[PDB]
Structure formats: C-alpha cells, structure tokens
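Report on the structure
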Amino acid sequence: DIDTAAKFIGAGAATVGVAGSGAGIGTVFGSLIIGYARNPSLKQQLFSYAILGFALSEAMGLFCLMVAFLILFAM
Amino acid sequence: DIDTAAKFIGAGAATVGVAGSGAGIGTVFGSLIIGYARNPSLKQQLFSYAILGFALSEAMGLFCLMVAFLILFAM
Amino acid sequence: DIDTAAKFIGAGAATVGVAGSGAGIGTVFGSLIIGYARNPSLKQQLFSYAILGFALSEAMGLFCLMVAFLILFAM
Amino acid sequence: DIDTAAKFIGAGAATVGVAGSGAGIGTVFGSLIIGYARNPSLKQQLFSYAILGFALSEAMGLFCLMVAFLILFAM
Amino acid sequence: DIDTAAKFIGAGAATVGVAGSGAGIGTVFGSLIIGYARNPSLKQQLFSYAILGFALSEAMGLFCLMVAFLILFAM
Amino acid sequence: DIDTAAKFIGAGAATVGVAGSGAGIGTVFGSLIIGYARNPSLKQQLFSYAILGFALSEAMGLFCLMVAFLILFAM
Amino acid sequence: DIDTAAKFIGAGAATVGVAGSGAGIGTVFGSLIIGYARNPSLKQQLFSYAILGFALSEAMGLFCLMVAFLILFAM
Amino acid sequence: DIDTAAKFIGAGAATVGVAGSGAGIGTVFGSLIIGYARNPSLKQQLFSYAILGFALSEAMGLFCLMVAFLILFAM
Amino acid sequence: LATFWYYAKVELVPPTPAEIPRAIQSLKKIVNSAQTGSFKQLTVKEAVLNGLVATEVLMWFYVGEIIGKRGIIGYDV
Amino acid sequence: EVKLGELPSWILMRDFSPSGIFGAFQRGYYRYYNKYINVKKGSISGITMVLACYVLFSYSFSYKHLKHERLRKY
Amino acid sequence: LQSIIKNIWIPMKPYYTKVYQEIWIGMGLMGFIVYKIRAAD
Amino acid sequence: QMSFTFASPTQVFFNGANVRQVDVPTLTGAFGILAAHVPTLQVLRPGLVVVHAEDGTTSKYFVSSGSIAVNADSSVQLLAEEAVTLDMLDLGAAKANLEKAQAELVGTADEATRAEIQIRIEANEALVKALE
Amino acid sequence: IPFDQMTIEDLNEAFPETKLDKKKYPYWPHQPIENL
Amino acid sequence: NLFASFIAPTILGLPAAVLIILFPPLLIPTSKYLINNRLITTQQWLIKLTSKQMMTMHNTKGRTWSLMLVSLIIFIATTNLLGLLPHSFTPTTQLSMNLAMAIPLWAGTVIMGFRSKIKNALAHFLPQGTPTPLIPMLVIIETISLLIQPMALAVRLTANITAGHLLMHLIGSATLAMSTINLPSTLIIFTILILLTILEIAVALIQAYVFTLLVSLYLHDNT
Amino acid sequence: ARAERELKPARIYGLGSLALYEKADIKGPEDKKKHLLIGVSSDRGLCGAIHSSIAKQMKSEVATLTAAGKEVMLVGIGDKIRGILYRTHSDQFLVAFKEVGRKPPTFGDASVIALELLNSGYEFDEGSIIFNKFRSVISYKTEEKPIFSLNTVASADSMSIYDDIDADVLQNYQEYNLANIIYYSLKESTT
Amino acid sequence: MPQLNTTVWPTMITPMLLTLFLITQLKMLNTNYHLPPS
Amino acid sequence: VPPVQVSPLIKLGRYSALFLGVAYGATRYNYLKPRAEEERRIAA
Amino acid sequence: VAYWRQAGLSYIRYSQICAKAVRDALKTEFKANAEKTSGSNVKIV
Amino acid sequence: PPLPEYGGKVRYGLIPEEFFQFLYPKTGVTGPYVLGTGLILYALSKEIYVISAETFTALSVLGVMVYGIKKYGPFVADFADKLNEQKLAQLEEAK
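Under the annotation held in the PDB entry, chain R carries the name ATP synthase subunit epsilon, mitochondrial and is attributed to Homo sapiens. For this entry, the PDB title field holds "Human ATP synthase state2 subregion 3". What UniProt states about chain R under its Sequence similarities heading is, verbatim, "Belongs to the eukaryotic ATPase epsilon family."

Named according to the PDB entry, chain N is ATP synthase subunit a originating from Homo sapiens.

The next thing to look at is the packing of aromatic side chains. As enumerated under the stated definition, the model contains 79 aromatic pairs over all chains in all. When the ring of K:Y15 is compared with that of M:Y27, the centres are 6.0 Å apart and the planes differ by 50°; the resulting orientation is tilted. One end of the pair, K:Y15, is in helix α2 (residues 13-19); the other, M:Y27, is in the segment after α1 (8-14), on a second chain. In this pair, the class of K:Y15 matches that of M:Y27, namely buried. Within the aromatic cluster, the residues linked to one another by ring pairs are O:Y13, O:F107, O:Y176, O:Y183, R:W4, R:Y11 and R:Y14. Directly above the aromatic system of I:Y75 lies the positively charged group of I:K69, at a separation of 4.5 Å from the ring centroid. Here the basic side chain of J:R14 rests over the ring of J:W10, its NZ or CZ set 3.4 Å away from the ring centre.

Moving on: the UniProt feature "transmembrane region" in chain N. Residue and element names in this part refer to chain N. Look at the UniProt record and you will see "transmembrane region" annotated at residues 3-23, 65-85, 94-114, 135-155, 161-181 and 186-206. Secondary structure content for residues 3-23 is 29% helix and 0% strand, while the C-alpha to C-alpha distance between its ends is 23 Å. The distance separating the terminal C-alpha atoms of residues 94-114 is 30 Å; by composition the span is 95% helix and 0% strand.

Facing the 36 residues of chain G at the interface are 38 residues of chain H. Around 3,100 Å² of area is buried between chain G and chain H when both sides are counted, 80% of it from carbon and sulfur atoms. The interface formed by chain G and chain H includes 0 salt bridges. The interface formed by chain G and chain H contains 4 residue pairs in polar contact. Of all the elements in the fold, those that place two or more residues in the side of chain G that touches chain H are α1 (2-16), α2 (19-38) and α3 (43-74) of chain G. Split into classes, the residues belonging to the side of chain G that touches chain H amount to 23 nonpolar, 9 polar and 4 charged.

This paragraph deals with the sheet that holds strand β1 (residues 43-44) of chain R. Reading across the sheet, the 6 strands line up as β5(O)-β4(O)-β1(O)-β2(O)-β3(O)-β1(R) and stay open at both edges, with mixed pairing between neighbours. Among the strands making up the open sheet, the edge pair consists of β5 (140-148) of chain O together with β1 of chain R. With 9 bridges joining them, strand β4 (residues 126-134) of chain O and β5(O) adopt antiparallel strand pairing. Looking at β5(O), one finds that O:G127 is bridged to O:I147. This element, helix α3 (residues 50-67) of chain O, spans β1 (35-40), β2 (72-77), β4 and β5 of chain O of the sheet and lies at about 170° to β1(O).

With 330 residues, the main nonpolar core has F:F29, G:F29, N:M101 and N:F211 as its most contacted residues. Looking at which element gives the most residues to this core, the answer is helix α3 (residues 43-74) of chain F, with 19 residues. Those residues in contact with G:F29, other than ones at most four positions away along the chain, are G:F54, H:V28, H:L52, H:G53 and H:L56. If you look at the next biggest cluster of nonpolar residues, it comprises 64 residues, including L:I119, O:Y13, O:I129 and O:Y176.

This part is about the environment of O:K33. All names here are of chain O. Among the structural elements, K33 can be located in the loop between α2 (19-23) and β1. Judged by its relative accessible area of 54%, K33 is exposed. Distance from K33 to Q171, taken between C-alpha atoms, is 20 Å for residues 138 residues apart in sequence. Look past the residues within four positions of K33 in its chain and what remains in contact with it is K70, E71 and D125.

Let's shift gears to a positive patch on the surface. Taken together, I:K45, J:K3, J:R14, J:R27 and J:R31 make up a surface patch of like positive charges. Considering the arrangement of structural elements, one finds J:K3 in the segment before α1 (9-13).

In this section: the arrangement of the chains. Here chain B and chain J are not in contact; the least distance found between their C-alpha atoms is 44 Å. The closest approach of any C-alpha atom in chain I to one in chain L is 61 Å; the two make no contact.

Omega for the peptide link from M:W28 to M:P29 comes to 0°, which places this bond in the cis form. Its place among the elements puts M:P29 in the segment after α1. The residue K:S3 is not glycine, and still its phi comes out positive at about 75°. For K:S3, the location among the structural elements is in the segment before α1 (4-9). One non-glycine residue with positive phi stands out, namely N:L12, at about 50°. Considering the arrangement of structural elements, one finds N:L12 in the segment before α1 (17-22). Residue N:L12 is classed as exposed on the basis of its relative accessible area, which comes to 85%.

Cut-offs applied
Residues numbered from 1 in each chain as written, not as in the entry; some residues may be left out. Chains lettered and ligands numbered in written order. Heavy atoms only, no water. Residues with missing side-chain atoms left out of burial classes, pairs and counts. UniProt positions renumbered as here; feature names shortened; annotations may be inferred. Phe/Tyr/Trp six-rings, centres within 6.5 Å; stacked < 30°, edge-to-face > 60°. Helix = DSSP H or I, 4+ residues; strand = E, 2+ residues; numbered from the N terminus. Buried < 20%, exposed > 50% of the residue type's maximum accessible area, 1.4 Å probe, protein only. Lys NZ or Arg CZ within 6 Å of the ring centre and 35° of its normal. Contact = heavy atoms within 4.5 Å. Buried area = accessible area lost by both parts, 1.4 Å probe. Salt bridge = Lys/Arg side-chain N within 4 Å of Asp/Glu carboxyl O. Polar contact = N/O pair within 3.5 Å; in protein donor to acceptor, adjacent residues only side chain to side chain. Nonpolar A, V, L, I, M, F, W, Y, C, P; charged D, E, K, R; others polar. Pairing = 2+ DSSP bridges. Axes fitted to C-alpha atoms, helices over the stretch in contact; angles between N-to-C directions. Core = buried A, V, L, I, M, F, W, Y, C linked by side-chain atoms within 4.5 Å. Patch = residues over 30% accessible without salt bridge, like charges linked within 9 Å, V, L, I, M, F, W, Y side chains within 5 Å. Areas by Shrake-Rupley, 256 points an atom, 1.4 Å probe, with all protein chains shown as cover. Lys, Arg positive; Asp, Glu negative; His and termini not counted. Charge placed at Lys NZ, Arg CZ, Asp CG, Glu CD.

Structure below.
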C-alpha cells in the first residue's frame, strides 16, 4: 500500500544523512595527519582527540541510521 | 492514508539535515587537533572553545531531529 | 488531503537547509581554535569575529527553519 | 489540487539551497579569523575582502530563496 | 495537471544546486583573505585568481539555475 | 502523464549534483590563492595543477548535467 | 505497483549518502598531501593514518550502499 | 506506468551523490597545490598521492553513477 | 557630427525644379541605350556600378514603405 | 578578367574542372592573403573580414530555423 | 597521384607509420564502438 | 643542491655540505627541509635534528636552541647554541632534572619565573623523549 | 641578402649551425623541447 | 526551438558541417620566410609557448607526440573560439566529434603502455603502498576508473561547451524579452550577458587546454 | 694562538648567521632616527692601537649621525673603550660592560650582552657594531657590521619570499642574531 | 538532444579525422623554429 | 573633410529615383495596409 | 606567542635556559669542558 | 621577396576603401553610407534578419571584440613587431 511505499522512501531519505558523518570523519583524520606531521611528539594526545572527534561525528551518523530503521521497521 | 505516508517522507527529508552537524563536528575537532599540535600549552582554553563550537553545531543538528519528530508524531 | 501531505514533504525538504549552518558554525569555531592557538593575545577580538561569523551563518539556518514553519502552519 | 501541493514541495526543495550559503559564510568568516590572527595590521583590507566574499556567497543564497518565492507565489 | 506540478517540483529540486556555488564562492574569497594577509604585495595577481575561481564556481551555479528555467518554462 | 512529470522531477534531482563541483572548484582556486601567496615563484606549475584539479571536479559536475539531459530528453 | 516504485525511489535516496564518503576521502588524502609536504620523514606513519581515516570514511559510505540494496532487493 | 516514473526519480536521486566526489577531487588537488608550493622538491611523490586520493574519491562517485544505471536500465 | 547635415544638404536633397528636365534627359538617355543595345557594350565595371545605384534607389523605395507604416520591423498590423 | 569583359563567351572560355575550381579558390585565397594579411604592419581588418564572412555563411544556414521566430505576420 | 604523395604523404610518413600505430588501433576501436552505437538505434 | 651549515658557536658539523634532507624541531613545529624548500626562517626548540646524507645515512644531533634559515638559493643555515651527539647525554640526569623542575613548577608562583621553570621542563622532556 | 628577404633554407646555408638535426631528432619540432 | 543551434547545419541541402569543421586550419597560415607578417609572428610565438608548456614534462618517447598534442590543442581552441561568433555551429558541442577525438588518443596511449611497459602498465592498476585487505577491491576501482577515462574526456568538453552556449542563448532570450518592458532591466541583463560572454571566451580556451592536458597526462603515465 | 684556533668555527658560525641579511638584501631604514652603536674592545691596554682605532671610528660616526639629526646611544664592550670615549661622549651612552679580555670570549658572554641590550628598554631603530676584524697576525681592520630592527626586517620586501614569518618569529630571530653577531664580533676582536 | 541523433554521426567524425590528423598537422610541420645563430 | 560633392549624374538619377522611391513607398504602404488591417480583424 | 614571551622573556633567555638544561644533562665526562666553553664572565656596568 | 608596408585600407574593419571609392563617382560620399542603411532597413524590415536572442548575443560578442581590439590591439601589434626586430637584430649581431 501507500504506507509501506512511503516508509521505503522515508528510509532512503533518512539514510542520506550519513554523508555528513562521512565527510566529518574524513576531515577529522585528515587534520590528524596534518597535526601529526607538525608536532609528532604529541602523537598520543593527538590520537586521543582524533578518536573523540570521530566518536561524536559518527554518533550523528548513527542517529540518522537510527531514524532509518525507526521508519523502516518500528513504524 | 496519504497523510501518514507524507509524514514518513517528511521525517526522512527532515532528518537529512543532520549531515551538516556531522561535518561541522568533524571540522571542529579536526581543527582542535591542529590548534593543539600547534601550541599545546593553551590546551585547556582550546578544549573550551572546542566544546563551545560543538555545542552550537550539534545544536543545529538537534533542531533538525526536532522537526523530524514534530512531523512524525506531533502533527 | 494532498495539500497537508505536500506541506509535510515541503517542510522536511525546507528543514534540510540547516545542514549548511551546521557545517558553517563548525568551520567558524574550528578556525577560531586555530587562530587562537596561533596568536593567543588577540583572543578578545578573535572571539568577537567568531560570534559575528556565527551570527550570520546561523542566520541563514534560521531562514530555512522560517520557511519550514511558513509551509507547515502559515500556508 | 496537485499544483498547489507541488508548489509547496518545490518551494521546500528550492529553499534547501541556502545550506551552501550558510557554509560559505561560515568559511569566509572563519578564514577571516585566521588571516587576522596572522597579520593583524591589514585588518581593514582583510575585512573589506571578508564582506566581498560574504556578499557573493549570500548572493547565491538569496537566488535560492528567490526561486522559492517564484514557485510559491509567482507561478 | 500532473505535468505543471512536477515541473514546479523539478525546478525547486534543480535550484537546490546553487548551494554548492554559494559555498565555493565563500571558500574562494575566504582563502583570498588569508592569502592576502599572508603576502599583501601580490594583491593584484591574487585578486586575478580570486575572480577566476569565482567565475568558474558561480558558472556551475548558473548551470543549475539554467536547468531550473529549462524545466519551468522551456518544457 | 506521470512519466513526463517524473522526468521533470528526476532532472531536477539529478542537476542538484552540480553543487559538489561548485564547492570543489571553489576549494581548488582558494587553495591556489594560498599556495601562490606562499611561494609565488612556482606560479606556472601551480596554475597547471589548478587547471587539472578544476578539470576533474567540473568533470563530475558535467556528469550530473549529463544524466539530467539523459532523463529529460533521451528517455 | 506502488511498492516496487517506492523501493526504487528509496534506493536512489539512500545511495545519495555516498557523497559524504566521497568528500571525506578527498579531504583525507588532501591532508595527507599537505602533511607529507610538511615532514616527509614520517611518510610511513602518515600513510598508516591515511588508510585508517579512509577505512572509516568509506565505511560509512558502504553503510549507505548497504541500505540501498537492503531496500532494493531485501525488502 | 508508475515504475518507469519512479525509476527516473530514483536515477536522479542516485546521481546526486556525485557531488561528494566533485568536492573531494577539488579538495585533493587544492591540497596538492598547497603541498607543492610548500616543498616543490617532493613533487613526484606528491603527485603520486594526489592520483591515489583522486582514484578513491572518484571511485565513490562512480559507485553512485553505477546505482544510477542499475536503476535506470537494469531493474 | 555637423558634417552629416553638410553632406546631406549638398547631396541628399530631392530634385530642384530646374533639374527635372535634366532628369528626363538622363532617363531618355538610359532608355535610348536600352533601345539600341549599347548596354551589351558596357563593361561589367560600370554595369555593376549602375546595378548598385539601382539597388540603392530600390532601398529608398523600401525606406519609403517604412515611413508609410510608422514602424520598422514589418507591419505593426 | 571580369570587371572588363562584357560577353558571355568568357564564361565559356574559363575552366570548370575539379582542378580548375581548386585553382580558382587557391588563387582567391592567395589574392586576399597577399592584399590584407601578408604585409608587415598588417591590420586586424584582414582577419575580422574573414570572420564576418564566416558569420554571414553561418547566418545563411541558420535562417531556416530563424524564419520560425519572425515577429510579424504581414 | 602527385602532390598528394608529395606534400601530404612524405611529411606525414614518419608519423603515420611509426608514431600513430596505437592511434590507429584506437581508431579501429572507436569505429567499432560508433558502428555498434548507430546500429542499436 | 642543498648547502647545509649545521654549526655550533664553537664547532662546525657541516659547511656547505650536500645532504638530501634534514628534520628540524622549530618553535612552530617540526619539519623536513629538502632542496628548493620554500624560504623560511625559524627559531628552534630543544630536540633532535636528523640529517639525511646523500649516501642514505643519517646523523642525529640534539640541539638546544638556535635558528634555521632556508634561502631562495637552497642554502640552509642551522645555527644551534648546543649541538651534541646522542651518546653524549645520559638518561638518569635528564629524568631527575625533569622531575625536579616539575616540582619547582608546582612550587614557583611568579609569572616570568614560572615560565622559566616550564622552559626547563620542556627542554628536559624533549631531551628524555629524544633519548628513550 | 638582408634577413627580411631570407628563407629559413637560406639562413641554414649562410649559418650552417642553425640546421635542425633531422637525425638526432626525427620528429617535430626536430629539437629538444627545452630549446623549443 | 532551443537546441536548434546544435542541429547539424545544412545549406541548400548540403552538409555544411564539413566546411565548418575544416575551416579552422585556414586561419593558421604558414610561411618559409625568416621575418614574416604580424599574424604568423604571433601564431608561431603562441605555438612555441604551447609546445613548451605541454611537452616539457615528457621523456623522448612521449615527446614524439608533440605534433599530435599541439595540433590537438590548436584545433580545439580555434574551434571553440569560432563557436562564439553569432549564429555559428560549434562542432565541439557534438558528442560524436568529441568521442572521436577522445577514444583514439586515449586508446592509443593505453595500448602504447600495454605493448612495452607491460609490467608497470598492469601494476599501475594497483597503487603502490596499498595495504593488503584492499589490494583486490581497489584494483576493480582503478579498472573502472580507466574504463571511464575516455568517455569522461569527451563529455567534459561536449557538456561544457554545450551548456555554455545554451546559457548565453537563454540570457539572450531574457534580454530580448525585457527589451519591451524595462530599459534599465534590459541594460542590466545585457551586462550579465557581457560578463558571461567573457567567461565563455575563457572557458573555451581552458577546455581546449584541459582536453590536451589530460591526454598528455595519460601519455606520460603510459610512456 | 688558541684564539685563532677558535676563531675559524666561530667565523663560519657568525657569518652563517648573516647569510640571511645578505641573500635577502636588507637595505636598512633610511627614515628611522634612533641608533645603537656598540664598540668592541678589551679591558687590557698596552696591546697596540686597537682601542684607539675603535674609539676614533665610534666618535667620528656618532658625530656624523648626531649632525645628520639621528640620536645615537653608545654601548661599550670593554673597559678600555668606555674609558676612552666616556669623557667626550658621556651624555650619549647607554651601558658598558667589563671583564672582557682576560678570558676568551664565549657564547655566554654574548647572551649576557644581548640580554642587557634588550632589557635596557632602548628600542633601537638601527644599530652598528664596531670591531677589529682579524685579517692576519700583522694586520687588523676596523669594521662596522649592521644590526637591523624588527620593523625594518619585517617591512623589507624580499622578506616576502620567506614563509611562516610574523612579528613573533622575526622577533625571536632578530634577538638571536643580535646575540650571534655580538659573539662573532667578540671572537674577532680577541684575535 | 540533437547530439543523440546517431544518423548524422559520420559526417561529424570524418572531416574531423582529417582536420585533426592531416591538415592541422601539415600546418604545424611547416612551422619550424631554426636554431639560434652563433 | 573637404567636399567631394556628388557628380551631376548622381544628382540626376539619385534625385529622380529618390522622389519616385519615397512616393512609391507611401503608395505601397497605402496598398498593403488596408488588406493588412482587415486581416487583423480576420485574426479570429 | 608562546608562554615565555607573554611572561616577558626574550628569546635570548629561552636559549640560555634550554642550553643550560642540555648542558646539565651532559655526562660528566664532557660536562666540565662543555660548561667551561660556554660559561659567562662579562660583568655589567 | 619583401613584403609591402601596409594592407588594404579597410573601413570599420568590414568594408574596404575600394567600395567607397567605387561608389563615389555615382552616388558621392554619402553614397555607400545610404546604401548600407537602405540595405539594413530592407533587411530587418522584410524579416530577412529576424531579431531574436542571437541578435543580443551578437551584440555582446561584438562589444567584447571591439573593446578587446581597441584596448589590447596596439599592444599585440607592438609585441609582434618587437619580436620581429629582436630577431632581426640578433641575426645582424650574429653577422
């Protein structure tokens, strides 16, 4: 019926929002490359911040996928 | 009916807008990596600004999710 | 009917446009981190410009949300 | 009818295009922060270029909103 | 009918693509600010490149608007 | 009928993809500004790379417009 | 019927989300260029981080394509 | 019928995802400009990495176009 | 600038009543040349020159049609 | 040459062979070239005149499409 | 026959015979592609 | 093409010698200098300088504070107040100095003097991390 | 003959150093590209 | 009605596309003299500069293609520039001609890399320092990358000229349509048109140089 | 003896310090007013016409500069030069240093002199150091090396080819070159 | 799109194949840059 | 600019044909206009 | 602007401190002649 | 063989002086001018030259071309010449 159809369309639209986390993770680890090539002695702490940034960015990404399934199976 | 269907489609479209906060958080913490590898003595203040930037960016992201639910359950 | 349905779809599409302000705020405060770790004596003036940039970027974001409600409730 | 409905959908889609000007203004004023913390003596000229960049970026943004109303009320 | 409706929807979708030129112009003139605050003696040549970059970016933007009208009035 | 309508909608959606080339060209020529203000003696070679980058980015953009017409007139 | 149609629409929407991984990979390897031209002695470790960043970014991209097929063939 | 129509819409949506590769290629070659104007003696190796980054970014772009045709002609 | 009216007032003027017998003289000359066949003896240089002055006066006729309809591009009707 | 003859016989005395027409075109190109281009202190007119003839030829084949956009009806 | 082998083929011989070989293979491939395209239409 | 002049106030390690690459720990970060490097002038911070010779072999020194200058003519002048080889230093004394400096840091309270203690700390820390 | 009446063949005869080495470089431009 | 400028031209029923395509070389006169007119002076200086730009980066095996590559750029640039005159048919806006310029050269350079060089040719399908779990997958990427190289080339021109021309024409329509309404609006749209025409000149030259440069880069990667 | 053994590496050093001001062609400020004049001598007399030459050039030059309108402040490294030039030019005098000459000058000496040249609070627009360049065991020549300020090296146009430079890094570099040129000059005078 | 009418393709391919591979190349082959005199 | 005045034959033919041409332009207008306007009415 | 510049320390003081720290960490076999070759003796007046 | 020092005296870049002098004996000095105006009026009056978007893109490219000529023309002329005279002087030095 129309509801299953729109649920498919809405899941696709919702999953689009992972592009932002893709680009954000790209930026985080690119800036990690730079910040490391600039002071390779703080590597440890740098990587710490790297992970942290990653954690938040992909977090948003998962939120998107969350709504995706919320639309595809939950209701 | 057509209204529940369009509510699903509109929620998916609305949730797309989290991509911007994903990318913005990525940029914030990437620039934090760089600014730290630059002058690791201001770390404290740097992190302060980091959080602040994060707070605003994800704020916009939540706004998006807000409209999502505003469309999915509120009306 | 079809009009309420399309109003939902249009509100979701319209709210997508907050992604740009999310990313722009991310960039502003990331560059603030960098510019501060560069010359931490101009902090005050830096922050001034930071806010200014923020003000304009989120301004555009609000415009988007504005049209969202303009479509959802106004007409 | 179907035409008013599609006019709403098209206005929402059209207004999405303000995200680019949001992000572009963010980048402009972030780079202004950096370029100022670099060489705070050229501040005047810097700000001049800042405004110029802003003017063009938001220009594109307004174009988007222009088409929005072109679709919502003009035809 | 359905064709005028879809022409409106397609014009809105098509005009979304101006966001990229908005952000690209923002980046161009932001990097111009930086490159000027760096070596303010090459200003002339810098501005030359600035315009060039602008020309191409907004070019793509106009292409988008071109398809917009191609859909709204041409066919 | 429904097919011409969906062809319009699909052409608009397809043309959205020019935003990426807009932003990519912006970034290329902005980084050219910076790399020139940094070592204005390699200008020639710099510009060479500039064009090359442009060529590829706008290439993707044209691909998008290609599919646009593929949908609008071809089939 | 309407379900196969919406499955096509949802697959297209879902595949949009690969743009983020495209841009993120671009940023990662661009920052690798920079970080290498900075300190070409850490090349090995740099490349290590490069790959790592790539791995995560494209990971998100694949997730998008995953949902695409999940919509096109699975359900 | 509705299936050919939705196949057109889905192909347009799917092709949107080339924007990310456009922007990623822009970033790669912009950072190549910078990294070359920095240390013009590693040019060879730099260009190597440049191509590599390009290869991956446009790879994602082609994936998008792949799904486009997968929807337009395959099924 | 003002040379325009100079040359027009000396050259671009309708025939004065003292020249209309001169005019019929010239016209009878041309038709005499057509009567005998001396046009065949005309080298294509002066033939082309006469063709061009004829095209110019035909253009004058078309300009007159322009001044008749009080509009330029076609008939406003 | 023409601009002197006043007889149709000249039109029958000239050549109408493939090599003949090729030679005529070649002589034309060389006459124009030697008059307007192949001189030191040459002018831009020598090129813009060719460009103007190009535009005239391109308007000639573009008239079939333009005649469908006439503004009046008569 | 003459002045076609003289001013057209003597100068272009070093290129048509030795440099442009793979160019000719490519033109074969291109001709095949174009034949198939115009055929499926 | 690279004319490297690594020099102490009382010793010369290279004078116009041709090496392929050198890594230096400038105050604004570490970087590698090769031929035709963009012209720079920077002041150093305590740390390792690794000279890569054209023979592929690397000579590692430890510099305390100097000035690096990369010119348009590919001439690199690296002037270090205290350039030493790595076997010329011990680990125990460096560790002891670092810890006692941190203790005095938590003790000292005046701004400039505190900055002095922190400089000693960073020198000794770059030193210990350079050693092992 | 003054150099404004001269042909590249005449220059190659009056100054045989200017003759392009059509043996070391058989293909256009018949010389090293850096000199070109 | 709108794509009429890209329909194959015919005059009196004849295919004038032939004349249009063969005309550009008529604008590059040549001479044996040592000191010749201003036209040939400038043109030889331009060709000297272009050959110095394009060919310097190649070894000798690639530099054998100097005639081909400089001729390619000189043909495309004059074709695109002659496409800007009024009422003109630009043969580069055709997908046919561009495919026929792209597939031969690119196929030739890939085969040239495949006849000799065969080991490095099959190896470049894999980036050098790639980690192991990606060695197979990445190859497919590079493979399809290569397979798209020629088409991209063709399209990158066919679209960019075509779109360009359309744009001008459209704004042309606009200004005509506003000539009978608002004269200042007509003037401002005419100013947009002038800026756009300048952009079109620049993008014609740039697209010529880009087509050439990309064929050159393929050549360098396969010699 | 030992002096000329230490003078060669120190000469390489102190001349590599100036390679920047030579390859960048710093032209010096033609508009600025205040000047700092350092003179290198020892504390021990009976060594010849060294101190006399140094003092004669210093007083001639300061006379010309104060006659041209430029205010000059004099620094004397060495008790001899301070004694011989104090009587006539005491009003124009900034600071003096003693206990140079007994022991071979080292880099710590240069660091201390440069510290007291910077902490003196006298922001000199330009400067010159006058020493006795060692030419051979028989001959010496009174040389005048230039010392630029921050604003003049920043404003110099060729310094636009040097990247990653702002007021801070040029400040550190100028301070350290002050110390380097003083060390080099000290080592040249004790030989 | 008229570009897609695959019945007019040869008349575009064939003259190009000349102009790009015969006439322009023959015009460059006559563009020679002699060596500098002493 | 010195006068290079038209020759008398110019005056002759030019003037006669000028008069007849403008007058004939007027009459051509008055010939084509009435049928033109009646067809303007016949537009429907 | 590092911390020591904000405290007012010139680069000369920074170089002194770093060089002294490197010198004190020298093994005593070289330490004596090292700190003799770099110790100061000028007096201020 | 040497080259003549001038070209063919074209007026307005499109029409050579030969035409003006050839129409002079039979329609004077304003002869060619009025012929051109008459032809233009008959051209855009009988709709043999239709006014459309191409008219304004033509005016645009003509404005760009005339400005480009009148602005960067003397420079290109002098550059071409100076190239020639440097070549000549280098040859006469190598003689």
